[PDB]
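So you can see what is in the structure, the chains are spelled out below.
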Amino acid sequence: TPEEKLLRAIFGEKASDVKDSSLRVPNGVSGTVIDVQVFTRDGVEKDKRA
Amino acid sequence: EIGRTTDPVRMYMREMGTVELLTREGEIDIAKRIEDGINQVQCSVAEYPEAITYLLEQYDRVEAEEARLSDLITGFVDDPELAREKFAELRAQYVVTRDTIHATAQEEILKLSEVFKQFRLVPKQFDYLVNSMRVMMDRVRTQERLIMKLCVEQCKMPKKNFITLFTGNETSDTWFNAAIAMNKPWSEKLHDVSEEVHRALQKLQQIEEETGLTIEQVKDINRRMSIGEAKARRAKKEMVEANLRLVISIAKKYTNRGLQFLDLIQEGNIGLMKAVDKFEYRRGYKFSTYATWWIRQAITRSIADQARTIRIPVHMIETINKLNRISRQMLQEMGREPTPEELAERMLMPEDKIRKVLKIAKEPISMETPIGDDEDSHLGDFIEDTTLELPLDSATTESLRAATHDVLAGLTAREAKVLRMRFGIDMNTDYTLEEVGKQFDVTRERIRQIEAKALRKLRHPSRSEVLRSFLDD
Amino acid sequence: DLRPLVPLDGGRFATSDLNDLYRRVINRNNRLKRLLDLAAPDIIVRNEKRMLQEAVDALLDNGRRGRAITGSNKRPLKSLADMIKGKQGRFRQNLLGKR
Amino acid sequence: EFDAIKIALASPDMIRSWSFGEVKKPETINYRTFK
């Protein structure tokens with residue numbers, strides 16, 4: 001929108017091409033993580049934690 | 001005899017089960033009849049000298065290094081230049097025939113038809129020139145309507161005698177004009193329509209000019225044309241209405257590709273038409289083997305065309321069908337099922353186009369799919385619009401508008417104007433700094449320093465800290 | 001946007017059945033024009049006009065015809081008048097009482 | 001704003017009025033792009 005270009009020009013921050021869509025715990029729920037599995041597409045190279 | 005039904009496949013099977021199928025050599029005589037129809041049309045073509053000269057014009061044109069001869073002729077019954085020698089023959093024959101301004105004219109026209117109609121002619125050339133002949137028929141019929149309107153229903157001519165002098169003269173100024181002094185109810189009524197009928201006669205005599213043979217013959221040519229056309233269309237109906245059942249068989253071959261039964265039947269039926277118009281009888285060969293590939297390709301192009309609600313081309317559906325064949329082969333030759341980077345050897349594709357092809361193959365879901373447990377909540381009740389904006393977003397945007405408004409209030413006039421012209425604040429599209437210097441008629445670099453100074457002041461603590469508070473980073 | 005084709009995760013699509021019914025009608029109509037262009041025997045044009053009549057009739061109600069033309073799945077298509085009539089139409093459901 | 005709601009038949013002139021185009025082909029999307 002106009003004028004957010006204005007604000008960003010007055011402060012000069014980066015319009016990062018990446019948008020946050022990270023899985024978060026739902027609201028109210030408050031537990032403890034007890035197992036974290038990671039699947040992969042076999043063409044994909046595995047990450048660190050996987 | 002039957003009660004009723006709706007079931008349009010029912011009415012179709014009914015109406016197609018009237019005709020008996022065929023009898024061998026009956027089909028060959030039907031193809032004989034269709035050859036008779038093309039015969040009469042080509043004959044009526046060749047007996048038209050204007051069409052002959054048109055053909056000659058096109059011939060030289062394509063022979064002038066403008067197109068291949070196939071754009072001229074689909075060959076003759078012979079390398080090329082056979083057409084060139086044939087055109088030399090017909091050129092000499094036509095010049096000798098126009099050298100008879102009634103000594104050898106009709107014998108020459110029969111000779112010209114028998115010297116060019118021997119081998120072949122282009123279908124598209126045929127259509128263009130026959131539509132030209134129908135243009136001549138347009139002028140014929142329009143002259144008819146003009147001279148009938150201007151004679152009988154307008155001022156009460158007797159149409160019997162009206163054509164009775166049309167039969168015999170048809171073009172001059174006595175079969176109409178010598179009527180005008182007949183002293184009848186109409187004869188003393190043709191004096192206000194005299195000029196229009198006069199000019200109409202002039203255009204008919206121009207028809208005589210632009211055709212050669214007599215205007216009655218100019219209508220007789222396309223009359224034989226139409227008669228041959230009926231001769232073809234009749235018994236073409238016989239052939240197709242016979243083999244509709246053949247169509248129905250291979251139509252049933254494809255019943256669950258996402259395209260209803262009668263759609264497949266009609267597609268195969270169009271294929272059957274295209275086969276019959278191209279079918280040869282002289283091959284001494286069975287018709288059904290010729291119609292089968294045609295109907296198959298037609299129906300298959302249909303099912304690749306409009307089966308899915310998202311059209312993918314023939315090549316993608318052929319690749320998909322090959323992958324389905326190769327998987328239904330490989331599941332047992334391996335035992336359980338093939339994985340995408342296993343078909344890299346069974347098929348020779350890049351092993352990622354397989355990925356995208358497997359991605360594309362699925363069909364979309366009906367938005368009223370009954371979701372589980374049989375509640376009436378369908379998938380439609382679960383599709384959110386990710387295009388609307390949150391009202392928190394709207395309030396943020398408008399409050400941001402206000403904040404910048406009262407900030408820019410805290411500046412001069414030229415600074416605020418420069419910042420509403422440089423950024424598109426409360427205005428149309430953002431002005432350029434070139435347009436800046438165009439509207440203030442000023443120094444570019446000094447204006448850039450103006451807005452840098454504005455930015456510097458806007459950096460000020462206790463002056464824009466709420467503004468950076470708008471920055472949610 | 002009233003018969004949407006929103007995208008679903010992983011490349012599937014969610015269409016409304018009005019899209020399928022419109023596509024049926026457009027296919028059959030264009031084929032009818034392609035038939036009149038070649039001037040087929042009256043049997044085929046009669047069949048095609050029957051097919052068009054049935055297609056428009058189903059797009060209007062998808063009833064009144066014995067076997068309502070089911071979708072890909074073996075369920076009947078929710079026709080246009082099946083967005084008005086009844087306990088699931090707009091009237092009793094999304095106009096009188098809203099979420 | 002408006003006192004009443006009226007209903008009637010719609011002549012083909014009317015349906016040509018509402019129509020901002022003539023749908024001619026069964027395509028919906030482009031299977032690679034989604035335009």
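Structure determination for this PDB entry is given in the record as cryo-EM, at a resolution of 3.7 Å.

The next subject is the overall build of chain C. If you tally the helices and strands in chain C, you get three helices and two strands. Starting at the N terminus, the α and β elements of chain C follow one another as β-β-α-α-α. Rg of the C-alpha trace for chain C: 17 Å, well past the compact-globule value of 13 Å for 99 residues, more than 25% over. Across its three principal directions, the C-alpha atoms of chain C cover 55 × 35 × 25 Å. Of all intrachain contacts in chain C linking residues separated by at least 6 positions in sequence, the fraction that spans at least 24 positions is 29%.

With respect to topology, three strands assemble into an open sheet ordered β1(B)-β2(C)-β1(C), the strand pairing being mixed. Pairing within the sheet leaves two strands with one partner each, and these edge strands are β1 (365–366) of chain B together with β1 (5–7) of chain C. Relative to strand β2 (residues 13–15) of chain C, β1(C) runs antiparallel, the two sharing three bridges. When the bridges of β2(C) are listed, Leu5(C) appears paired with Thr15(C).

If you check helix α2 (residues 42–60) of chain C, its first and last C-alpha atoms are 27 Å apart, about what 19 residues at 1.5 Å a residue would give, namely 27 Å. Buried-residue contacts for α2(C) involve α1 (8–16), α10 (215–252) and α11 (261–278) of chain B together with α1 (17–38) of chain C. Following α2(C) by one or two positions, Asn62(C) adopts a phi angle in the positive range, close to 55 degrees.

Here the focus is the arrangement of the chains. The highest contact count of any of the four pairs of chains in contact belongs to chains B and C. Over all C-alpha pairs, chain A and chain C never come within contact, reaching a minimum spacing of 14 Å. One finds no contact linking chain A with chain D; the least C-alpha distance across the pair is 20 Å.

Bringing the interface of chain B and chain C into the picture now. Facing the 34 residues of chain B at the interface are 32 residues of chain C. With seven residues, the top contributor of residues to the side of chain B that touches chain C is α11(B). Here the residues of the side of chain B that touches chain C are counted per class, giving 16 nonpolar, eight polar and ten charged. Of the pairings in the sheet, the one linking β1(B) to β2(C) comprises two bridges and is parallel in character.

Each value, and the rule that gives it
- Residues numbered from 1 in each chain as written, not as in the entry; some residues may be left out.
- Chains lettered and ligands numbered in written order.
- Part of a larger assembly, values for the part shown.
- Heavy atoms only, no water.
- Residues with missing side-chain atoms left out of burial classes, pairs and counts.
- Helix = DSSP H or I, 4+ residues; strand = E, 2+ residues; numbered from the N terminus.
- Rg over C-alpha atoms; globule rule 2.2 N^0.38 Å.
- Contact = heavy atoms within 4.5 Å.
- Pairing = 2+ DSSP bridges.
- Expected span 1.5 Å × (residues − 1).
- Nonpolar A, V, L, I, M, F, W, Y, C, P; charged D, E, K, R; others polar.

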